[PDB]
Amino acid sequence: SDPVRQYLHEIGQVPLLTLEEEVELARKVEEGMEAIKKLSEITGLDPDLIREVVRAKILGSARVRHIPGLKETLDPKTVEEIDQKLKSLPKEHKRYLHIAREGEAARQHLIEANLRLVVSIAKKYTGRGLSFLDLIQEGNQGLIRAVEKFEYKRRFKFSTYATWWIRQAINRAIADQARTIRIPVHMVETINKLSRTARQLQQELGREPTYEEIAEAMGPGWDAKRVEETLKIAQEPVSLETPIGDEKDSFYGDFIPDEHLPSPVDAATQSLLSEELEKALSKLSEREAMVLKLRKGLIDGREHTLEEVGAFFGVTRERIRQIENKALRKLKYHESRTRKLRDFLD
Amino acid sequence: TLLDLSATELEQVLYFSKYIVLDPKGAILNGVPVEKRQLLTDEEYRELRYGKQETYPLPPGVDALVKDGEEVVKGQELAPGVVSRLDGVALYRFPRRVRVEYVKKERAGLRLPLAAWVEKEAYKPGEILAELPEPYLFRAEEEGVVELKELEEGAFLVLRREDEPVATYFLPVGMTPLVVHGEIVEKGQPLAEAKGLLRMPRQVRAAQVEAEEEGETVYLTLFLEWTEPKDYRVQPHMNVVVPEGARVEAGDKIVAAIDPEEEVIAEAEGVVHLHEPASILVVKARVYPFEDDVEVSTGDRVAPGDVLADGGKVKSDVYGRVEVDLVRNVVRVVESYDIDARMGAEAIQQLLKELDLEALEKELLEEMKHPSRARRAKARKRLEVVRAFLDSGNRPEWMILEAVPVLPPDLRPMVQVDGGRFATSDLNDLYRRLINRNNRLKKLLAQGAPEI
DNA sequence: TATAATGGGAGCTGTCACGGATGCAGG
DNA sequence: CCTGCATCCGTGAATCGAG
Ligand SMILES: [Mg+2]
Ligand SMILES: [Mg+2]
């Protein structure tokens, strides 16, 4: 029924870890990572490949997919060849396989346990352009990052180190996904810095600041022009479905004309121009008109040099330039007399 | 209609409220096997797929009534304030105190009146060593300083000149030492008084007995064997690498820690005992000890009679999941079933793909013959849908989308109005919602994440 | 990249009358 | 177990103007 409440129920099933339990899980994870390292030292295979194989057997056959980072394609055939290759190792060596498995299982249990933390953190970041659940899942990504980058030897409670990565993932998400026109994170930090600046000034001056006033309080490199440019960039688009009037019978996009598609006047004028130009090029010979049609690109749609037109007609390039001068000059005299193409000058 | 699921049921599966069973694989629940297309709760899924277990916290300071690996029935009392609510193997979690019984084999002497003592080639704990009508005074047969070593009951006297022991005497129960530690004794002065009957202590046992006759008394060179306990305190940041009743020699590690210091290292030969856990984990599982390299690994699912450890001399009795313990050196099989039960439109698409329309048409045609009104009505409706798909050539699994189409950009335009401002359709925000949640899912799958 | 932090938050309440599907007790 | 009635949810609710 309610996705948020349902996820909160799925979270309340997993109990919270005791200090001993939390240390134990983090211990098995870290030892598991070392086990994968050692198994890589022995087998002579990719640590990432080994990790994904161990991860596959732990999670089960319910999940089988290809991993981008890995070089080989990951399929049940491959993971069985490797698992059997791993279980072909002696007692003291095969031990590490059990350590890696136990580690991944502890990792699953650790991430599953601290999901309550993400919820109680992401609840504060609401209203910034991302939904509640979107924030939670992004904090879950950061939680995963925190688990894999955690070191239990420091005696720090996991919540302390997790919170940093969680906030980091959430903030990165809000910076990336919010704006319809995506803006780089550093530029967003700049714009938000401009927001806190303008708000500080408006709070002290009892009015909204000028471009120059903000330019001052921003420091060096900031003038009124650059401030105005930054604000122009931060402008978000507005919905075309924006209601016009107090009824629902009108929309905003209904009042916006199409500037791209040619009006019937445009297409008709273009056709009239092509016809009148052909009527003008027929006042010449077929040769001296062909020189121009090849020169300006009426035919084939390409403008040619004097060397190519001379390589076609069989005369010298100076003869071609001479013919094009005569043709253009004839068209000038034709224009001066007929007064037809003048209206197309636009 | 096609899958014969109500609006409530199809909702629960599609929006991940409950699972649905594709291939039960012999799984059963509460006495009845798992039927296909049966809806089971998340709790039903964890009890089936991953087996049932529960952890019970123990009150501060109190020890456990049961032992490690002890089979436990439902209602059985694990702790003075805790009662188990399920059947299964009990396990210790985090022992606060580790008691190590160090093995000690020494030789010690004793002099008693011949008429009083009972001649035996050896002596058991509690076994009477002598019966004395008149209280007898044990006398030091050497000069030196007294080192008094007291047990739970019974004592050891080590007389020594300089730093070298000159004599070692044993004092069984019923014998009160008349000297303190560090007292100087000459030859002849009484060390202890044995009043009435005297027996061997409960803890220490006499392995061998060598007797020698001298005058009206006898002297006994006894080869004794006993165990002295030593308690080790364990911190939350420390873990025990040694199982219950394991044998360790000098140098072996018992409890590891963050720093090399505070680490518990076995001083000598002795057995290890765990007490005062953080809690007790009761798991419905089968215990399989191994003395050799194990072939199966933790995380694997196994049917009864599968090759486990020691070249295949030990195998599984029940269906379940393998959890290899290297601490207790035992392969556990957590009682569970490898069952295929899913959620969402992936499960639905599967059920739609497996549907043979001709068969359902025939079944509903035979169903249309039934005298009841409602039977004929619902079967007609279902058959109408089946006939529709069959006549059209459409496949039911096309009602579920693997690839969601994208409307051309000009039909969902992003344009710059008169003032240079931008205006766009809501479909763009909708598609961005889709791509974001899709790409995040692909990343969460790639890196691997808990099923929650 | 490290004190520790671990289950959300605002609901919109003065339309109405239809078809059809769900579910209930009753013969 | 099968009919009948109560009840639930989803769907409609004039045209053109301007705004
Ligand atoms: Mg400035
Ligand atoms: Mg009605």
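The residue numbers of chain A are those assigned by Swiss-Prot, with the residues present covering 78-423 sequentially.
Cβ atoms are placed via backbone N, Cα and C, with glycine included.
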Between A:103-122, A:343-362, A:383-402, A:403-422, which stretch does Swiss-Prot give the note DNA-binding region?
A:383-402
Which bits of the chain, at least 6 residues beyond where the DNA-binding region (A:383-402) starts or stops, bring a Cβ under 8 A of a Cβ in it?
364-365, 367-369, 371-372
Go through A:78-113, A:187-257, A:357-409 and flag the stretch with the largest number of C-beta pairs under 8 Å relative to the region 'Sigma-70 factor domain-3' (A:266-344).
A:187-257
